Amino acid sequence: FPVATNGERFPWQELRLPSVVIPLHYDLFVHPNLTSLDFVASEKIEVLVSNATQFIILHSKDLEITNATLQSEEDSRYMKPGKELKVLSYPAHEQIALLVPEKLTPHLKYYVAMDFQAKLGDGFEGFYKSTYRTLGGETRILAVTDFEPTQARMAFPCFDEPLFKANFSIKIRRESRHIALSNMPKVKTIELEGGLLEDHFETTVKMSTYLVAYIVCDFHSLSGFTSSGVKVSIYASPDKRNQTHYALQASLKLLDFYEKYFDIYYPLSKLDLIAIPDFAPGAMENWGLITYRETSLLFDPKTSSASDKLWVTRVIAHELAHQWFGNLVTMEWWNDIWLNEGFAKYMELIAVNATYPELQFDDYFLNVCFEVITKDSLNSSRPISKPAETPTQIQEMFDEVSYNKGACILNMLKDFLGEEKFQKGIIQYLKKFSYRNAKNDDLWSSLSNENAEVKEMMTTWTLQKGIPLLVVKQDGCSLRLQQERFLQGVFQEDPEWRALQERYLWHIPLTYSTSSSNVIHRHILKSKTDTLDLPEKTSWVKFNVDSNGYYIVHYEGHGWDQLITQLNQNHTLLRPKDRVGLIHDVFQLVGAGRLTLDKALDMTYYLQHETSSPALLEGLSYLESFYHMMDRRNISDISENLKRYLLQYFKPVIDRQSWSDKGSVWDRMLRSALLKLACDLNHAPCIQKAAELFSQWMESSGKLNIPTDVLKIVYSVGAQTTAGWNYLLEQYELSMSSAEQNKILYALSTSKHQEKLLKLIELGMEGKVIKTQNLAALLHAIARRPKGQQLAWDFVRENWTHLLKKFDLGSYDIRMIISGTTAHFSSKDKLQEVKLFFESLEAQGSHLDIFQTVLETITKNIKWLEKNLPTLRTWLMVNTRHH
């Protein structure tokens, strides 16, 4: 039924490749030219034929195939010369067909040889070109690969599905001014007649096609050896070698931990980490050659803050964990992508907390779960395991549900089974499926070895969307436990609520503590309703200890009153993470209609005595978001009352903040948040100090030691004048620090001149001074402010076709460009314009799940204002009289 490009019929119909021909070994030779910006290449694929067939089906996209032969040492019909193969192209499924002269014999091995060529990509996928700037002002070119999920077919024809694992022998031809890096160590370099060089790399272990990598560049490196003898090297552009020191130290510690914790050595001799100047994701876990964004790998003590230090440590730990969860053990199909991303996201918590406990990443992990709850509490969410077929649908699987929710339900399972039993389970899981593939049921069986308990439990957490809501009622010593599906913007008395609660049931591993006993008590909630008996008549009971469970708790009667009373009288009687969860769940239930906003704002009164930075920053984030929500809607009477309440009720902790980098990680993050909040509210002492620091910095004409914790704040104030704004843009182009450029670009986005904001968008589109990889984050930073809100929304609508040429439809950049310019809307006027814009894109044949997610988010903001805006106005006005 499918027709090929030459008019003939295509002998294959399905998007999935046939299983009759299995690849065993790839011989891959690539000859890129960094002057003509193209390449020629050839390959020889050793395949095993299990079923007699007249054709071979392979993936190939945007590749010109010139030769195609089939040889065999076991089938004499295809001896040493071979037989020519006729190729048929079917771009709709990104497949090609290799028609053989005589049907292949089962159980015999063959060799598929092909010559192919194409230009270097101009985007971020496949084998594409990237540029960087030297300290002297030179621009250099490199060639780099990025294949996950389905872009290996853009560089070489292959069975581009993760189940078709095979060995890879890679050879790269290059000039003497370049080096060549790949997955495996370089075995030898041969000099060619014309003066070129050809690097031969060791044959890889069994691995999926999306992990193949090769780079041609002129980077420098710093090297070190782990305890197991693995040579770790950090690669970066030559003028940035000093910024690779921390990456090497962290990689050595983290790789050693992963080897001991997983009880499985890293199987390769070397592991390279390279900072790519043009890179779309944070990083990519190519086996033995992990590619990074410069902000994800490089660290400069002069311009990188402690939160940047935490960020680099997270990404390195994330990609090194992938060497086991991802490279060693891969999912069968992208429907279970969370087996890689969820575990790698989870192992961040275990590895960073064990290797760098001073970073206090354990407290920051709650933000990972709270972030995905925002999208999981909407109906437009999805189960973490969901079928996916098209390349766009596969790209949509890389979201907060696979990453964040996967890590959070794994942390919940760890707390239910215990660290020792959980660690033993994943060790058996990794050893059982080494160099093979696994699905969800494989993981549940490995963690089972009570058995049917964890499989039936985790089934409801992976095949059902959303997050459950635990409702607790307390009378005397009796506890009535009820579970519902937590919905945002949908009240219980709404007609849609009944239709959204049916056939939703979770096996929730409940954990609770009381005021009489701090001992943790556990109970598995399997049904819709259950009862529990308490030993003593306690004053309160706090469920979900430390928020280890992926569920929200609501208390009926005086439940919240008892807990809020406890916070105002003796807040240290509640665990520090219990306070974080309480502050979080209270404001979530206000949006759910189970609590009025004044009850939530009453809890924030105790924050005057809160010294635990996680809880303090959590409560401040809601008050800060409320202010910006009013500011964007020009509700000046509420925003002014919120500004005065913040600057007055939290004046003690604000005034005692220094403009330095002293203290622990959370001390420095508390400083940056408080001083950013104060300066955003135009607090005169904050503005006077920040403008003084920027003045001295600019008057120095160079870089004086400005504390990194206040670096983003100082630059933001300096960008409020055209003189300082022009100087920052000049400093941006000359900066050798990607972290500083990140902070500088944020400062330029805080300008109130629309001509300056449009210039940044134009520069981001041009991609020369401001790289296009920062366009999505730049549009978001401009849109979240009142002066740039309309500009960004207008730009996305008017230049949609131009944006779709820079990124793929399913790319994460397009997702943030759409969401980052629309999600913060909260008026029916904007909801209509967004609804019409999405409908026009649907007419053009572009469908994304982010469309309904944005629409539901905007409706939630509308209904949140309709239900709580007068309460917020009244509570603030009552506060001006309570003083």
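Start at 1 and count along the sequence shown; that's the residue number.
Please count the deposited residues lying between residue 449 and residue 450 that the model leaves without coordinates, and give the class: none, 1 to 3, 4 to 9, or 10 or more.
The entry leaves 10 or more residues without coordinates here.
Please compare 162-170 with 86-94 and name the stretch with the higher mean C-alpha B-factor in the deposited structure.
According to the PDB entry, the answer is 86-94.
Per the record, averaged over C-alpha atoms, which has the higher B-factor: 143-151 or 759-767?
Per the deposited B-factors, the answer is 759-767.
Which has the highest CA B-factor per the PDB entry: 623, 603, 207, 310?
Of 623, 603, 207, 310, 603 has the highest C-alpha B-factor.
Going by the deposited entry, which of 404, 249, 562, 340 has the highest CA temperature factor?
That would be 562.
Mind checking which third residue 836 falls in for C-alpha B-factor across the chain?
Tercile = highest for this residue's CA B-factor.
Looking at the C-alpha B-factor of residue 43, is it in the lowest, middle or highest third of its chain?
Lowest third of the chain for residue 43's C-alpha B-factor.
Position of residue 136 among the chain's modelled residues by C-alpha B-factor, lowest, middle or highest third
Tercile = middle for this residue's CA B-factor.
Chain-relative CA temperature factor third for residue 690:
Its C-alpha B-factor, which the entry lists for residue 690, ranks in the highest third among residues of this chain.
Assigned third (lowest, middle, highest) for the C-alpha B factor of residue 497:
For residue 497, the deposited C-alpha B-factor lands in the highest third.
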